[PDB]
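Trainee: this one's experimental. Sequence and coordinates below.
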Amino acid sequence: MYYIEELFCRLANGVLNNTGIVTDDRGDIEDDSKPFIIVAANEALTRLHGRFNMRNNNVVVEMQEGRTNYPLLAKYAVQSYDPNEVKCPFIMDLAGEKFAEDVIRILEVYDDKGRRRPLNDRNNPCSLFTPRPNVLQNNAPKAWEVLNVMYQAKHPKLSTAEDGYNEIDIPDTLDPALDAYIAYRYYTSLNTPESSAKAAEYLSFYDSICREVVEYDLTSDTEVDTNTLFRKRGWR
Amino acid sequence: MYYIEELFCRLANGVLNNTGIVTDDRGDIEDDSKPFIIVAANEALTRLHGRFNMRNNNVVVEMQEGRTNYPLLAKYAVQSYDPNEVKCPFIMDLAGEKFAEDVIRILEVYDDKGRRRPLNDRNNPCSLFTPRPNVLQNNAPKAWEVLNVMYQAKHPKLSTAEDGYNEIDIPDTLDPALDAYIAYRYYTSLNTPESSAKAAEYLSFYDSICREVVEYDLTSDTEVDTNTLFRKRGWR
Amino acid sequence: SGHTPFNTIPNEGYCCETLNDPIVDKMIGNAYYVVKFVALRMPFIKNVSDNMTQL
Amino acid sequence: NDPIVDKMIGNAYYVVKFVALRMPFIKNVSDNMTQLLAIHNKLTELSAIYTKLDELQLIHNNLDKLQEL
Amino acid sequence: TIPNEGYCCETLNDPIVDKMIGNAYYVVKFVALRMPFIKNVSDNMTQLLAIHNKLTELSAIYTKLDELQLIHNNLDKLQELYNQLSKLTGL
Amino acid sequence: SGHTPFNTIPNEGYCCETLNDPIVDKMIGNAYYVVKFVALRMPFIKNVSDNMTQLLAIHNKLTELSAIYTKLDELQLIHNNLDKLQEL
Amino acid sequence: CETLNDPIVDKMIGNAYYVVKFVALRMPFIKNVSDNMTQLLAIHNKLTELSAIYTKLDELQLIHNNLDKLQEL
Amino acid sequence: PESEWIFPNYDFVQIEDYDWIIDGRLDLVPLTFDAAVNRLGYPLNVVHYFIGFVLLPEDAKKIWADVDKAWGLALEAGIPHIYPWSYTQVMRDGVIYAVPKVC
Amino acid sequence: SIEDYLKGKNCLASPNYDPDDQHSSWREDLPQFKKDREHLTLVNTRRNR
């Protein structure tokens, strides 16, 4: 769990060593070229977190009387809402963290009483729908009703603006993939044939590393559970 | 087991001999280019330890009353915590072994009473989950409960700062793979057509050596055990 | 690879348990020690409150 | 596991519920930090007056009534 | 009925728990936590051995401290230029 | 592979043994020798501790005992002769 | 199968664990000794003087107050 | 002398804290506003604040970032008037004020 | 903004309502009035003007 400065130093030493971005002493990236690296790093992190299912997060949503669509944004969080615009927030961040907007896909939704709620099931009247990938609907809000949403998450945004997220949390085996993606972006943006060939090399390296990680299952992505349909179907 | 100065002198007298990194006597690498070699060496060690499964290590985790998530980070280690930030640590260390976080994959988790705990089993109420590769979950902590985590580990970080680890622990059959990976990184970083052609050769040499080591099974990676399902299924 | 805190009574095996701790972690996090601090010494607080008018 | 030590619903939840059912006492105490701090400031004087409670009063009206009478 | 038993509450000065002797980890951490006492005993073992050897003499001397308390006070008068006592016997 | 230290009581095939050494190695490693050094000579420690009252008191009168010791040769002073003379 | 061999030297639970338990069950003695090291150090320092006094313990008492009175008498 | 320098004597104040900004501690910076308002008893209506000090121009960037943080805290407190310290340093280091980029 | 949550009425029923801006739960819109401070930055002097 290293900060953004360690990433800048590791880039200044590793790939992009020979380029003109790096300072004279080869210690750090120059100031005017930092937003480019930040954008590339955010894109790479989103790619990896979409591919691998490394992060599983949770959020709590409370149900208001007249609202049916509950978009999952930071506007309606307790730790981030603006009292003037939003009168009452419905996303609770009481304990810790700030709920950065990182909803990729919704997996499970559980009621406050411990019962599961079906998702996107047309033929079940008591189901929940998602008109948009992060918006959630319940067509019959009730009093004292709360839903827990279990979703796949992506890495929070890096900004380096004295209020954004400095730290990077990624498995140690996936650092070269991120560095290769950043180098690919830069060498592609150079707009020369030799740099284009180098960019092709780096992208192929990224793909090969990801495929190797999938081969050896280093992120424990595969999941297997105990059989439960043997008893439901009536077998003896 | 050999120092890191032996690695530097092996590189100065092996590959990278004809390059301009080495000193005039060709006995060691100049002070300017050591961080680059350190970064490449750490990357190579992570790659090899991900592929081959040579190290198996252990951690003891104590359970608190109000915690369900137990991240495996050095912040909560006894030898390395900050007393004001963290009231009570839960990862047990020793003054000599300070638990540098090197968790790649978690294999087995055993209770303090000697009974195994299922891991990542959805249909088992008394199971442990890992939301992230370096985080554990127990949903029912209890008094006087301690867990042992058996996990695959990577090599400790080389730092050369009088507090980091100088030594390298690697089987003697895998040294040319490490040297080939370092040479590949260095020759790609030059950004010339001939250096890329040399780097392709070095990477292919790395791959061929790794495949040969897998072929002859020199690390005793394959494991076989006696059959116990014969008695459990009721056979005679 | 995650357990939803609101998934209490997951006892398909009916072990017994309810698993109400995850909700406590989710809402009262890093501040449980204050709650236990107060809970241990409730008799003194009750005695002080009972004599409030006189005080 | 241990019946007395471990609570079946959950240790943390049991403590939280125990605190929740006894909230009025904590609220009544907390509303009056200033008054209790003021009382704590003058505890030595109150103790000294307590040590002299049986004497030092003597029905102080009787003291000047005796001069009058 | 709030429970207070845990590994966090225990300190190096606490006594042993009779219930948890069977638990191997509890005993091992019990010994591991209190290593300063064992190191203090081990560093000074020659002194303890000498004191153990001279134990009987100390045992004897303990019954007679009260008499020596008065004798120590009397010593200053008892000096009395001890050479004069031979003459006093002569006279 | 490796054996988990907390995997005590693995004796499924046969009943004997519990394998408790790995926990000792994990928690008290490199300091077991001091423990054994103290354990071997435990009777002396027990005997010394049993007399931590008397041995305690003497620590209190040490300076007085040294002052008395400074005159041990003179403390006898052949009392019999001058006692007989004083009896007259 | 069974590797215990001689029962006199080899313990079922474990040699190291047996020693650790042996020390653990008898910690109060070690604690009592350790709390007072500064006091038993002085006795070790003055052992020679104590041994010298022990030799003259049998004599040198003589109901010494009687000798003081005899000098006064 | 604390007694002489109290609000009725002097109409307004001007406050300087260069050591905190130069060292970059920035956690004890809020103390100066509290001291001005309460300890010296001066109204928030008339308070003047001087920020920053950049000697040896090779150290411009760190000190000017600290100046940005100090100005942020001062704006949060509500001081009416704020001054960069000097004309010479400002023109030498080329300080300009611009909205940060959004990326 | 947890402190604002604690010391607030937080009651949905309110008498304030702007007819010119009436929307359902579907509509999401960022405000036109961006809030942003001005910070100190040294001039580049590499970008010649």
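Mentor: Received it, and whenever you're ready, just let me know what you need. Residues are numbered from 1 along each chain as shown, chains lettered A, B, ... in the order given.

Trainee: in space, what's closest to the residue most central in space within chain A - neighbours in sequence excluded?
Mentor: By C-alpha atoms, centre = their mean, chain A has its centre lying nearest to residue A:154, at 0.6 Å. Closest residue in space to residue A:154, ignoring its immediate chain neighbours: residue A:49 at 4.2 Å, by C-beta to C-beta, 6 or more residues apart in numbering or on different chains. For every residue, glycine as well, the C-beta is placed using N, CA and C.

Trainee: shouldn't the one you found be in contact with residue A:153?
Mentor: Yes: counting by C-beta atoms under 8 Å, residue A:49 does reach residue A:153; the two are 7.3 Å apart.

Trainee: neighbour count: these two, which is higher?
Mentor: More crowded of residue A:49 and residue A:153, by other C-beta atoms under 10 Å in any protein chain shown: residue A:153, with 21 against 18.

Trainee: strands of chain A, start to end?
Mentor: Listed in chain order, the strands of chain A (DSSP state E) span A:56-62, A:69-71, A:103-111, A:135-137, A:146-153.

Trainee: need those strands in JSON lines (columns: distance to residue B:142).
Mentor: Formatted as JSON lines, those follow (distance: least, C-beta to C-beta, whole Å):
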{"stretch": "strand A:56-62", "distance to residue B:142": "23"}
{"stretch": "strand A:69-71", "distance to residue B:142": "36"}
{"stretch": "strand A:103-111", "distance to residue B:142": "24"}
{"stretch": "strand A:135-137", "distance to residue B:142": "35"}
{"stretch": "strand A:146-153", "distance to residue B:142": "24"}
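
Trainee: kindly reformat those strands as JSON lines containing distance to chain C.
Mentor: What follows is the strands of chain A, written out as JSON lines (distance: least, C-beta to the nearest C-beta, whole Å):
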{"stretch": "strand A:56-62", "distance to chain C": "4"}
{"stretch": "strand A:69-71", "distance to chain C": "16"}
{"stretch": "strand A:103-111", "distance to chain C": "4"}
{"stretch": "strand A:135-137", "distance to chain C": "15"}
{"stretch": "strand A:146-153", "distance to chain C": "4"}
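
Trainee: need the residues of chain A near chain I, please.
Mentor: By C-beta under 8 Å from any C-beta of the partner chain, the residues of chain A that approach chain I are A:32, A:64-71, A:73, A:78-83, A:85, A:87-89, A:93-94, A:131.

Trainee: please pick the buried ones from those residues.
Mentor: Buried members of the residues of chain A next to chain I, counted by 16 or more other C-beta atoms under 10 Å in any protein chain shown: A:67-71, A:73, A:78-81, A:88-89, A:93.

Trainee: for chain C, what's the nearest residue on chain H?
Mentor: residue H:27 (21.4 Å; C-beta to the nearest C-beta).

Trainee: burial count for that residue?
Mentor: 9.

Trainee: swap in residue A:20?
Mentor: Neighbour count for residue A:20, taken as other C-beta under 10 Å: 7.

Trainee: same deal with residue C:48?
Mentor: If you count neighbours by other C-beta under 10 Å, residue C:48 ends up with 15.

Trainee: test my guess that residue H:97 contacts residue I:39.
Mentor: Yes: using C-beta under 8 Å, residue H:97 makes contact with residue I:39 at a distance of 6.9 Å.

Trainee: of these two, which one has the most company?
Mentor: The neighbour comparison of residue H:97 against residue I:39 (other C-beta under 10 Å) goes to residue I:39, with 19 against 12.

Trainee: give me the residues contacting the top helix by length along chain D.
Mentor: In chain D, with assignment by DSSP state H, the single longest helix is helix D:11-21. Contacts to helix D:11-21, defined as C-beta atoms under 8 Å, 6 or more residues apart in numbering or on different chains, come from residues B:65-66, B:141-143, C:20-21, C:23-25, C:28, C:32, C:35-36, C:38-39, C:42, D:7, D:26, E:2-3.

Trainee: dump the residue contacts of the residue lying closest to residue A:18 once chain neighbours are set aside.
Mentor: Spatial nearest neighbour of residue A:18, chain neighbours left out: residue B:191 (4.9 Å); criterion: C-beta to C-beta, 6+ apart. Residues near residue B:191 by C-beta under 8 Å, 6+ apart: A:18-19, A:194, A:198.

Trainee: let's go with 10 Å and repeat that
Mentor: A:16-19, A:187, A:194-195, A:198 (C-beta atoms under 10 Å, 6 or more residues apart in numbering or on different chains).

Trainee: now the helices for chain A?
Mentor: Under DSSP H, chain A gives helices at A:4-13, A:34-52, A:175-189, A:193-216, A:229-232.

Trainee: just tell me which of those helices ends up closest to residue B:40.
Mentor: With distances scored as C-beta to C-beta, the stretch of these nearest to residue B:40 is helix A:4-13 (9.0 Å).

Trainee: kindly report the residues of chain C close to chain A.
Mentor: C:1-10, C:12-13, C:18-19, C:22-31 (C-beta under 10 Å from any C-beta of the partner chain).

Trainee: which residues in chain C form strands?
Mentor: Under DSSP E, chain C gives no strands.

Trainee: from residue D:5, how far out is the residue nearest to the spatial centre of it?
Mentor: The residue lying closest to the centre of chain C (C-alpha atoms, centre = their mean) is residue C:24, at 6.6 Å. The gap separating residue C:24 from residue D:5 is 18 Å, by C-beta to C-beta, to the nearest Å.

Trainee: tell me how many other residues crowd whatever residue of chain C ends up closest to chain G.
Mentor: Closest residue of chain C to chain G, C-beta to the nearest C-beta: residue C:40 (28.0 Å). Here the count is done by other C-beta under 10 Å, and residue C:40 has 12 residues near it.

Trainee: neighbours of the closest residue to chain C within chain D, just the number please.
Mentor: Chain C sits closest to residue D:13 of chain D, with a gap of 3.8 Å, by C-beta to the nearest C-beta. Neighbour count for residue D:13, taken as other C-beta under 10 Å: 19.

Trainee: tell me the contacts of residue A:215?
Mentor: Per C-beta under 10 Å, 6+ apart, neighbours of residue A:215: residue B:51.

Trainee: oh sorry, the question was meant for residue C:26
Mentor: For residue C:26, the contacting residues are A:58-60, A:92, A:94-96, A:148, B:68-69, C:4-6, by C-beta under 10 Å, 6+ apart.

Trainee: same thing but at 7 Å, please
Mentor: By C-beta atoms under 7 Å, 6 or more residues apart in numbering or on different chains, the contact set of residue C:26 is A:95, C:5.

Trainee: same check, this time on residue H:41
Mentor: Going by C-beta under 7 Å, 6+ apart, the list of residues near residue H:41 reads H:6-7.

Trainee: and it, how far from residue D:61?
Mentor: The gap separating residue H:41 from residue D:61 is 48 Å, by C-beta to C-beta.

Trainee: repeat for residue A:166
Mentor: According to C-beta to C-beta, residue A:166 stands 76 Å off from residue D:61.

Trainee: tally of neighbours for residue D:1?
Mentor: 9.

Trainee: that one against residue B:140, yeah?
Mentor: No: using C-beta atoms under 7 Å as the test, residue D:1 is too far from residue B:140 to be in contact (10.1 Å).

Trainee: can you give me the distance of whatever residue of chain H ends up closest to chain B to residue H:73?
Mentor: Residue nearest to chain B within chain H: residue H:27 (13.9 Å; C-beta to the nearest C-beta). From residue H:27 across to residue H:73, the span is 10 Å (C-beta to C-beta).

Trainee: where does chain I get nearest to chain H, which residue?
Mentor: Nearest residue of chain I to chain H, counting by C-beta to the nearest C-beta: residue I:43, 3.8 Å away.

Trainee: now swap in chain D and tell me
Mentor: For chain D and chain H, the shortest gap (C-beta to the nearest C-beta) falls at residue D:34, measuring 20.0 Å.

Trainee: any idea which helix or strand carries that residue?
Mentor: Per DSSP states H and E: residue D:34 is located in helix D:33-41.

Trainee: list the contacts of that helix.
Mentor: Counting by C-beta under 7 Å, 6+ apart, residue C:55 sit against helix D:33-41.

Trainee: contact partners for the closest residue to residue A:144 other than its chain neighbours?
Mentor: With C-beta to C-beta, 6+ apart as the criterion, residue A:144 has its nearest non-adjacent residue at 7.9 Å, and that residue is residue A:112. Contacts for residue A:112 (C-beta under 7 Å, 6+ apart) come out as A:145-146, C:6.
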